[PDB]
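Fold and geometry: a report
Below, each chain spelled out in residue letters.
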Amino acid sequence: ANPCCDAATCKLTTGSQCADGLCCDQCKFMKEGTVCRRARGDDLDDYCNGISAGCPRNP
Amino acid sequence: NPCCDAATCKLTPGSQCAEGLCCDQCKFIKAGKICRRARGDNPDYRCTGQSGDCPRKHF
């Protein structure tokens, strides 16, 4: 089961903002400035942008 | 649903559609196929070749 996704239609379920992703929690976007990746090398940590489910590489 | 990745709510690779009268095994049905018979004084409705959705009304 993915509660965020209707697999029959490949549409998000009612109320859902996202189905998957480091910035998705219980089908909702995590807030802008949430750390979504703790850098494993020398780069900066990456952050959620509030409006997308992905974890973009820090500019 | 072989057409949908339930984890991500994205279409699976090779899949063009997840459902619809003009969707067959995750692929678009060919342009021209009659997909709905008109009930009134209208021509029949036909797949576009570019969507899984059968038209419902003539523009």
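By the method listed in its record, X-ray crystallography, this PDB entry was determined to a resolution of 1.70 Å.

1. A word on the state of the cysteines
As used in these notes, a disulfide is a covalent bond between sulfur atoms, one from each of two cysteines. Throughout the structure, instances matching the rule amount to ten disulfides over all chains. Each sulfur in the disulfide pair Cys23 of chain A and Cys48 of chain A lies 2.1 Å from the other. What sets the handedness of the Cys23 of chain A and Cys48 of chain A disulfide is the S-S torsion sign, and at about -95 degrees it is left-handed. Separated by 25 residues along the polypeptide, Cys23 of chain A in the loop between β2 (11-12) and β3 (24-25) and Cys48 of chain A in the segment after β6 (46-47) bring together distant segments of the chain. Judged by relative accessible area, which is 0%, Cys23 of chain A ranks as buried. Across the disulfide, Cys17 of chain B is cross-linked to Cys23 of chain B (sulfur-sulfur distance 2.1 Å). Linking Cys17 of chain B and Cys23 of chain B, the disulfide has an S-S dihedral of approximately 100 degrees and is accordingly described as right-handed.

2. Here we look at the UniProt feature "disulfide bond" in chain A
All names here are of chain A. For the UniProt disulfide linking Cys18 and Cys24, the S-S separation comes out at 2.1 Å, below the 2.5 Å cut-off, so the bridge is there in this model. Of the two residues examined, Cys18 and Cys24, each falls in the buried class. Taking the pair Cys36 and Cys55, which UniProt gives as a disulfide, the gap between the sulfur atoms is 2.0 Å, short enough to count as bonded. Of this pair, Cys36 sits in strand β5 (residues 35-37) while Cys55 sits in the segment after β6, and the two are 19 residues apart along the sequence. Classification of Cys36 as buried rests on a relative accessible area of 12%. For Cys55, a relative accessible area of 15% corresponds to the buried category.

Cut-off values and rules
Residues numbered from 1 in each chain as written, not as in the entry; some residues may be left out. Chains lettered and ligands numbered in written order. Heavy atoms only, no water. Disulfide = S-S within 2.5 Å. Helix = DSSP H or I, 4+ residues; strand = E, 2+ residues; numbered from the N terminus. Buried < 20%, exposed > 50% of the residue type's maximum accessible area, 1.4 Å probe, protein only. UniProt positions renumbered as here; feature names shortened; annotations may be inferred.

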